[PDB]
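Read the numbers this way: they start at 1 and go in the same order the structure lists the ligands and their atoms. Naming: A, B, ... by sequence-line order, numbering from 1 per chain.
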Number of protein chains: 2
Amino acid sequence: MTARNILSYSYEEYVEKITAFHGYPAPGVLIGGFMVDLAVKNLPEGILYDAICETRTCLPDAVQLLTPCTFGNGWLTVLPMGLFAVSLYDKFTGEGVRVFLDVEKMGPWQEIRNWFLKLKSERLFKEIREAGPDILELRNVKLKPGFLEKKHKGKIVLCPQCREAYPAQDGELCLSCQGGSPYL
Amino acid sequence: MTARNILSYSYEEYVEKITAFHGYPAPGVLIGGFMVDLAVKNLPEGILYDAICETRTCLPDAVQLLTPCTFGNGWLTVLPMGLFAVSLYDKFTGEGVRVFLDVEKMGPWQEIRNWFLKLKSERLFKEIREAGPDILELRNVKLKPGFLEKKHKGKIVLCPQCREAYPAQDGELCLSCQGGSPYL
Ligand SMILES: [Cl-]
Ligand SMILES: [Cl-]
Ligand SMILES: [Zn+2]
Ligand SMILES: [Zn+2]
């Protein structure tokens, strides 16, 4: 029954939007909402930010649903490191904020803890909403130089093997024909 | 002025949705719409499919906007191989369809060709809509075994260095502390 807006959305509006997009109101994307909300609230007002998720699970959809950063526009980067953390950072300077879960704060919340630590769901969902940002920690960060590199003006050539267009830098065949092909 | 629906959307509804999500009605996401539409139209009726994009640029947002597959639910995989191609495949069997651009078909469309090949925009946008799926080719594919693997029931441990939770398989530190950290 606790009032828990996520950016401009009510918690119920946010649950609606995320089930629509992600397919299920997954704990990770719900918690993810609180994280992105706290992160945005701790950036300077009106700035243009990029995003980094340190896990591929759930958290990217919280970012995509709530921020202008998407996987397809490149403003969201996903580093698959298995860490339930997101950073939002100034695109010009690389200064930003990282938000992650603080298990030290999940005393009052054993369902969130059992979920987070995969220890072996109506109760879980109520807890996420009650906890809100109380299970989160924030830290100022600055991105490494490589994350703010000029993107390269690549020359497009034709792969002799599959006859598709690809960046010439990738080699004498495209990366698929080199062995990256997922297909039999 | 050509009628060009993209799944359930009109071309104008689709342009609206994609500018909202992606930030700009980028040629890639527009073309991407035609691709995902042709792909879905060539899967058996009513089946549950996963998606693969072979480039990170634009094409993922066409998939995310039009299909239930998202980066965060794991039903969309992005293989960053620089190839403007998407496949949709049966999640159970791995049989699917790959769609890509056929430059052989871009005779009537020099603006699309100049864009696709990066050779050095009101005209480009009109052409994409006029061309529709005429610049696309389709091929039946079956995914390699590794893309249909059972996902591992990982044990969650605490990184001694950063004291965040991570999968024990990753090592004695988490992948960030091992060196994957994007932060200074
Ligand atoms: Cl991950
Ligand atoms: Cl790529
Ligand atoms: Zn090739
Ligand atoms: Zn660590």
Side-chain angles (χ1 to χ4, degrees), chain A residues 52 54-55 70-85 87 98 100-104 116-117 137 139 141 154 156-184, chain B residues 26 28-29 31-32 35 51-55 57-63 71 76-87 98 100-104 116-117 137 139 141 154 156-184:
Chain A
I52 282 140
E54 313 186 10
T55 181
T70 76
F71 200 87
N73 65 17
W75 301 343
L76 178 56
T77 291
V78 173
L79 302 171
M81 298 182 299
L83 296 173
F84 206 73
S87 68
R98 184 179 185 261
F100 60 102
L101 269 48
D102 199 44
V103 181
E104 326 205 337
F116 187 55
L117 312 178
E137 197 43 275
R139 160 156 68 239
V141 298
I156 300 302
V157 289
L158 189 58
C159 180
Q161 194 190 307
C162 74
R163 299 185 40 83
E164 280 172 58
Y166 77 103
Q169 74 225 21
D170 293 351
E172 323 169 60
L173 306 159
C174 72
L175 287 173
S176 181
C177 284
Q178 289 176 34
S181 184
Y183 313 114
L184 292 173
Chain B
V29 189
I31 296 173
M35 293 164 78
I52 282 140
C53 290
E54 313 186 10
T55 181
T57 315
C58 288
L59 214 30
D61 289 353
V63 175
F71 200 87
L76 178 56
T77 291
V78 173
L79 302 171
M81 298 182 299
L83 296 173
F84 206 73
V86 50
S87 68
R98 184 179 185 261
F100 60 102
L101 269 48
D102 199 44
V103 181
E104 326 205 337
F116 187 55
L117 312 178
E137 197 43 275
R139 160 156 68 239
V141 298
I156 300 302
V157 289
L158 189 58
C159 180
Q161 194 190 307
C162 74
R163 299 185 40 83
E164 280 172 58
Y166 77 103
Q169 74 225 21
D170 293 351
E172 323 169 60
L173 306 159
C174 72
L175 287 173
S176 181
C177 284
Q178 289 176 34
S181 184
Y183 313 114
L184 292 173

What one should report as the nearest heavy-atom pair of A:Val157 and A:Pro167 is CG2-C, 4.3 Å
Sorted by chain and number, sequence neighbours left out, side-chain contact (heavy atoms from CB on, under 4.5 Å) with A:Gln161 holds for A:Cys159, A:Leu173, A:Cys177
Heavy atoms of B:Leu175 and A:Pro80 approach each other most closely as CD1-O, 4.0 Å
Side chain A:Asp102, main chain A:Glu104, donor-acceptor under 3.5 Å
no
_Any donor-acceptor pair under 3.5 Å from A:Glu54 side chain to A:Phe100 backbone_ = no
Checked the Zn ion (ligand 4): protein N, O or S atoms closer than 2.8 Å come out as B:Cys159 SG, B:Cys162 SG, B:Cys174 SG, B:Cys177 SG
Taking every heavy atom of B:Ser176 against every heavy atom of A:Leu83, the minimum-distance pair comes out as CB-CD1, 3.5 Å
